[PDB]
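Analysis of the macromolecular model
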Amino acid sequence: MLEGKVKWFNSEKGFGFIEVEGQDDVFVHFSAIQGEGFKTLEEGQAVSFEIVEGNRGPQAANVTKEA
């Protein structure tokens, strides 16, 4: 398990991208990266997830809000 740190969020445009040291940008979406209730997230959004490796590169899948 590891943590990711937004590079910028586009929840409104359909998604937000995460960026983590030692890894690449973790794709983020209010469906898996969601959190307590359907809320929006701004820069600084720290989340917890497990990046895996799929055709378009590594990516988080069942991410969540850091605490």
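Conventions used here
Residues numbered from 1 in each chain as written, not as in the entry; some residues may be left out. Heavy atoms only, no water. Core = buried A, V, L, I, M, F, W, Y, C linked by side-chain atoms within 4.5 Å. Buried < 20%, exposed > 50% of the residue type's maximum accessible area, 1.4 Å probe, protein only. Helix = DSSP H or I, 4+ residues; strand = E, 2+ residues; numbered from the N terminus. UniProt positions renumbered as here; feature names shortened; annotations may be inferred. Pairing = 2+ DSSP bridges.

In the PDB header, solution NMR is given as the technique by which the entry was determined.

1. What to know about the nonpolar core
Counting residues in hydrophobic clusters, the biggest one holds 13 residues, and the most contacted among them are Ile-18, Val-26, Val-47, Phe-49 and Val-63. Only β1 (2-10) and β4 (46-49) provide two or more residues apiece to this core. Tallying contributions element by element places β1 first for this core, with three residues.

2. Notes on the UniProt feature "domain: CSD" in the chain
Cross-referencing UniProt, the feature "domain: CSD" maps to residues 4-63 in the present numbering. Taken end to end, residues 4-63 is 0% helix and 40% strand, and its first and last C-alpha atoms sit 9 Å apart.

3. Overview of the pairing of strand β2 (residues 15-19)
Only one face of β2 is buried, namely the one carrying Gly-16 and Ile-18, since none of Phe-15, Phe-17 and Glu-19 on the opposite face is buried. Note: β1 against β2, five bridges, orientation antiparallel. Bridge pairing in β2 links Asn-10 to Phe-15. Here β1 hands over to β2 after four residues, with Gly-14 in that stretch at a positive phi of 110 degrees. As defined by bridge partners, β2 adjoins strand β3 (residues 27-28) across two bridges and the pair is classed as antiparallel. Following the sheet pairing, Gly-16 is matched in β3 by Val-28.

4. Notes on the sheet that holds β3
Remark on secondary structure: sheet strands pair via backbone hydrogen bonds, oriented parallel or antiparallel. Taken in spatial order, the five strands of this open sheet run β3-β2-β1-β4-β7, and their pairing is antiparallel. With partners counted over all chains shown, the strands left at the sheet margins are β3 and β7 (64-65), one partner each.

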